[PDB]
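A.B. asks: In the first instance, please consider these chains from the complex; the rest will follow:
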Amino acid sequence: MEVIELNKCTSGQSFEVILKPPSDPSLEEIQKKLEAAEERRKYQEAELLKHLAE
Amino acid sequence: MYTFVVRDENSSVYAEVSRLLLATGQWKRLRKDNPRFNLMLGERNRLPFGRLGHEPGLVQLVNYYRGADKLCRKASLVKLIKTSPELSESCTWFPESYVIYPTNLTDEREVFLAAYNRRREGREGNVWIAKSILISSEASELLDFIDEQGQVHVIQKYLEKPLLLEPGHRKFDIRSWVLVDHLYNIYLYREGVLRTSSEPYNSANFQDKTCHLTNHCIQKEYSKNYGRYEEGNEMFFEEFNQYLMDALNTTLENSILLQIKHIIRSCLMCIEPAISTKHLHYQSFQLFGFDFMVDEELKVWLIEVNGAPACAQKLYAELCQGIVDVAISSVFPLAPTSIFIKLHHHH
Amino acid sequence: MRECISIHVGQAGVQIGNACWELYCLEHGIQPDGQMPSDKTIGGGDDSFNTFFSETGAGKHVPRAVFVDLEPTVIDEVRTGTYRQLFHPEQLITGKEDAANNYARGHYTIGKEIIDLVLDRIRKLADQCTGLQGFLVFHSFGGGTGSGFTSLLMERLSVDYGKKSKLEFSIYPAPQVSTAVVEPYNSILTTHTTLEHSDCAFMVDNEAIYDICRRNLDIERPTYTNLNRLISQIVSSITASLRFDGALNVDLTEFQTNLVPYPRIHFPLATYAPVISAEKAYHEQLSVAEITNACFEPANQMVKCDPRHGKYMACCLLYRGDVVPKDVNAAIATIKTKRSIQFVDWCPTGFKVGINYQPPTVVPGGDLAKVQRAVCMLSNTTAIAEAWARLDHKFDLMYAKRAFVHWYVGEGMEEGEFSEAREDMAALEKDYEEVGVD
């Protein structure tokens, strides 16, 4: 039961107590993910319109 | 209209409970994966406790205390007793035991040898038993037998002076069923059993394990006197109580029952702050089977604790109905002379 | 002095942000008009509250916050609310139609056409910081904007602000206050694409905030107002060290150091007490030992679980009020002899403790009562994995039948990103079990 690193200031104080010792995607790659899904929405809507034309 | 689910088809006890619940016309069974349940009869291993108590408007109840395996595991029980101050290492009702890991994997190998070399030096009885079965008086054979396996084992003192019933000169054990409800009241079933051995006890031959092991499956398989003295090697408290009065001039209550009720308390009270569901989002309750040994001095020792025990055929009806009264109906009341003995304590 | 920029995404993020900045103002003595009488440096200064508030020559104290919603109804409450004068219009960003509780819609369809705008508004708040620490991100799991747009914003913040830290205040979905069925999907989608981008995440399960309101505050059916005023209390306690003089958790970097030794396991459990009803006749004030002993009750945890069957990796105790170290240590001793606190064998069994003498501030007319002392415990327990288990289980139940899956594929997302996301959670759950169970 030890108390170390006791810091005291006007608004409070903090300390530590030890009971026991121990024993990314770049900018290019995100714009591609976004533009890839946008392309699958376009292809799905094109196939929808193609269906409506028929 | 209460609802429950079943996730353990192999449980002979709760199989009866499920039958009695439906016989009340007030309980409905659901599929084993439907989460809208009041009561769960969960699987033995890897029960999904983390998913309980999260269904709004439902007060859920389960039949296994999370973390009770600390008490119902061979190596766990030993570790619990020697570490918990409530039990201390100097506990007088638990055989001197040691946890021994196989050499192909803490471990109390050297601690066991010291207490072993002390006994062989003092001319005392030095017969130990390994389990997780082998009985031997040589430290070389006990350890060598554990290395041939691959799981944790426990070596504890073998009671060389067990109490022997007469006629017969045979060993035996005592099984007591204890039920713990959601309020952590410790109810002890008024009816126990003695799974007796139909073979005379012989202390000069630990090679034949038919007279030393009192298990119901070993007596009904490797014993040639099964069912001779009592039906199914199961003498109940009435007969065993009459025997104690005729031969030893004492009662089952005073000689053995007091020690049993004390052991059950010290074990369950010990872990209460660890498994209690008093402020949990769900509620727990579990049925336990304590296995006790009695020596020729009428001292009770604790062998192991079963977390998924079975019941004697004759006592299925009386007990299962009692599980519905104090554990289930006390939470989901329906629209005596209790068959239990409450063991009061300080929570 | 280093600045902290707060980002509120979606309805839940915005309303909660509205209750925190309301609370920040009452604490630092800031009025609705942004004026601060106690600040003697007019339009300048590097005080501890300047980490969250910038100043104008006219003396206005402007939060370092940015609010983002794909629909204007919720943010419009801010533009006309009590604290309308605090923010300028740039800080409030609103769209025209939301994501309909569809992660794919907030991330891909709608997110792509608004992402560059948010960054630009954030870049403006960064251009005022002399040493930006990082960002505090408030959002929900279930909402399509809070889940879908957040993961995208997180990906982009790791690109524009690489060395900067990023903390989350996430809202776990609870059926008692939600009308969306697909919130598991969104929760598991966002947690996958956000994991490697958040340094520390505080999950608040609505189920926990809900029952804490009903049980302690005697609110039969709590509203979001009730939930948010409580949630902002926890937030205030966790961010206090950044806004006040002190030596513990003095910047966002100290949160990862003191709370997350393993990166993927960056979800500390929060516990708070006491929560006392204001309508009570008058309550007996709890001591240090009694409120500390309460931090180990499942009843006042932000996520309902059983820490007794887990293993702690770190632990902080933030005290606010009439508290002194002598009392803190005393309670800890007594608790170790009673409770079950199992640490991992590769971490010390210690407690970092901070104390702020100012007691917790309460919103006039709110639901909470004024207490003389209170504590908030941040403990990294493997027991929080229970939340992931429940959530993952629900995910499996629907995905097995591909239920609702078409709404996500219809917005451009690939069905594979579902399993790929779910496999990441399966890995997250295993890392917890490898560290907790024996």
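C.D. replies: Everything's here; your move. Numbering: from 1, shown residues only, chains lettered A, B, ... in the order given.

A.B. asks: Could you give the number of residues near the nearest residue to residue C:435 once chain neighbours are set aside?
C.D. replies: Distances taken as C-beta to C-beta, 6 or more residues apart in numbering or on different chains put residue C:382 closest to residue C:435, at 5.7 Å, once the chain neighbours are dropped. For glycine as for every other residue, the C-beta is placed from the backbone atoms N, C-alpha and C. By other C-beta atoms under 10 Å in any protein chain shown, 24 other residues sit near residue C:382.

A.B. asks: Let me see the contact set for residue C:382.
C.D. replies: Neighbouring residues of residue C:382 by C-beta atoms under 8 Å, 6 or more residues apart in numbering or on different chains: C:265, C:310, C:311, C:313, C:432, C:433, C:435, C:436, C:437.

A.B. asks: Just the buried ones among those, please.
C.D. replies: Neighbour-count burial (16 or more other C-beta atoms under 10 Å in any protein chain shown) applied to those gives C:265, C:310, C:311, C:313, C:432, C:435, C:436.

A.B. asks: Which of the residues you listed fall within strands?
C.D. replies: Judged by DSSP state E, strands contain the following of the buried ones among the contacts of residue C:382: residue C:313.

A.B. asks: can you pull the contacts of the residue nearest to the spatial centre of chain C?
C.D. replies: Nearest to the geometric centre of chain C sits residue C:169, at 2.2 Å (C-alpha atoms, centre = their mean). Residues near residue C:169 by C-beta under 8 Å, 6+ apart: C:16, C:136, C:137, C:138, C:139, C:201, C:202, C:204, C:235.

A.B. asks: Would you state the strands of the chain in chain order?
C.D. replies: In the absence of a named chain, chain A is used. Applying DSSP E to chain A gives strands spanning A:2-9, A:12-20.

A.B. asks: that's the wrong chain, I wanted chain C
C.D. replies: Under DSSP E, chain C gives strands at C:4-9, C:53-55, C:61-63, C:65-69, C:92-94, C:134-140, C:165-172, C:200-205, C:269-273, C:312-321, C:349-356, C:373-381.

A.B. asks: ok, now chain D:
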Amino acid sequence: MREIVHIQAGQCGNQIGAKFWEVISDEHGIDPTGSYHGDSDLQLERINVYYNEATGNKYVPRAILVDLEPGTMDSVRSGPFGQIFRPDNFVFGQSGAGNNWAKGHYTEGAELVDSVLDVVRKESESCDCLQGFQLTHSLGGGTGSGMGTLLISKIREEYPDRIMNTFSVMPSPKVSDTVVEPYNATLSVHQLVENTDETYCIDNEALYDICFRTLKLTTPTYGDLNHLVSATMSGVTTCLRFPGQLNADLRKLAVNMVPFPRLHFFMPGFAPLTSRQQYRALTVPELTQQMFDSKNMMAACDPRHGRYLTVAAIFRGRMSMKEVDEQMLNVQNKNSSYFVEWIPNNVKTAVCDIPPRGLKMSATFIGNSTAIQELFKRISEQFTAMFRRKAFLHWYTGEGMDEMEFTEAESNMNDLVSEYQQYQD
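C.D. replies: Chain D, in position alongside the others:
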């Protein structure tokens, strides 16, 4: 500002729609001339969802009245609120549809469709942000069925990313105008499967049995059936017309109710249903026992014959919200065998403070139930009973159709029945 565009087509379509605007117009404090005279700001909060604001504080519904004969729409213009509808929004012909789907979809209707879309486009162009469309119509007639679905097919072409919502009246031999109603309905159902996000099925037989058995009406009339649809339409739209964050958007609602693109046919229900013992206050438990009861459902389907994929409830009135949750959780927990267990929490409840006209409190039921397959089974059975003999086919082949297209409509709806069947297990 999330605007909806209403469209009613045909005899049934317009009379029902007409009463619909009569019912909600009363709730929003709008008089037959367009002026507001309510007393609560809640009435105007979401007023621009179904109404347009003209000059002088006038509120003009955002509705388009469509029909191929002038008869029915002349009645609306001279009905109670007829003066309130925009004059230009009356688009009608003179040929009539003769209760023929082919005429409404290919010949007569095709000549008038372009001009109806000219008005829809004019309403959308003014919308700050359009949620989607909602269409009232019947399926057994020729105009609202044949031309109605034609409008949907063309609306989805011009607005492919908007929600298409419909209140469809299913024909029943017990309430039958012509014997070709199964033909007409079977042909529309395929269109709704493809081009609608949500369709509130309303079986006229259920409406009849409700008026005869529950409401004790000796001789029911179309007007009586329409009263129910009004009260039901006013109900399901409460989420959208008042300050409620439970199911705000049409897309949000669709996202929470439709787990699969084709199974979007809902069973609506209403409570209370009391005969003139009408002044009795109705407790929350009673509202919930009736709301789920089949005799309060308007699809003529027995939910206990199938399973619920999703369920939305709406409670209107000053009541105990805690008591609402309790009773809703009670219904689920007492009959969890009829809710699929592979969709967690598929029952959501919304509360609204403003009750309908003349009720201390009421509830509206919206159910995506696999039992709806019983409805499509009756239709497909009546369709086949005739199509096997080619009976009455000339009315259609004479309009340019082939027996092939009939065989496909048949097979397309037998597939819909099979789809509802694999998910009921």
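
A.B. asks: can you list the residues of chain D near chain A?
C.D. replies: D:153, D:156, D:157, D:160, D:161 (C-beta under 8 Å from any C-beta of the partner chain).

A.B. asks: Give the buried subset of these as a PyMOL selection command.
C.D. replies: To isolate the buried members of the residues of chain D next to chain A in PyMOL, using 16+ other C-beta under 10 Å:
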select buried, chain D and resi 153+156
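
A.B. asks: can you redo the residues of chain D next to chain A as CSV with secondary structure and distance to chain B?
C.D. replies: Listed next are these as CSV, based on DSSP: H, G, I helix; E, B strand; the rest coil; distance: C-beta to the nearest C-beta, whole Å:
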residue, secondary structure, distance to chain B
D:153, helix, 42
D:156, helix, 38
D:157, helix, 44
D:160, coil, 39
D:161, coil, 35
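
A.B. asks: of all the residues of chain D next to chain A, which comes closest to chain A?
C.D. replies: For the residues of chain D next to chain A, the residue nearest chain A by C-beta to the nearest C-beta is residue D:157; the value is 5.0 Å.

A.B. asks: picking that back up, what residues are bridge-paired with the residue nearest to the centre of chain C?
C.D. replies: residue C:138, residue C:202 (DSSP bridges).

A.B. asks: how many other residues sit next to the residue nearest to residue C:289 when sequence neighbours are not counted?
C.D. replies: What sits nearest to residue C:289 in space, not counting adjacent residues and going by C-beta to C-beta, 6+ apart, is residue C:331, at 3.6 Å. The number of residues packed near residue C:331 is 19, by other C-beta under 10 Å.

A.B. asks: for the one 10 residues further on, same thing?
C.D. replies: Neighbour count for residue C:341, taken as other C-beta under 10 Å: 20.
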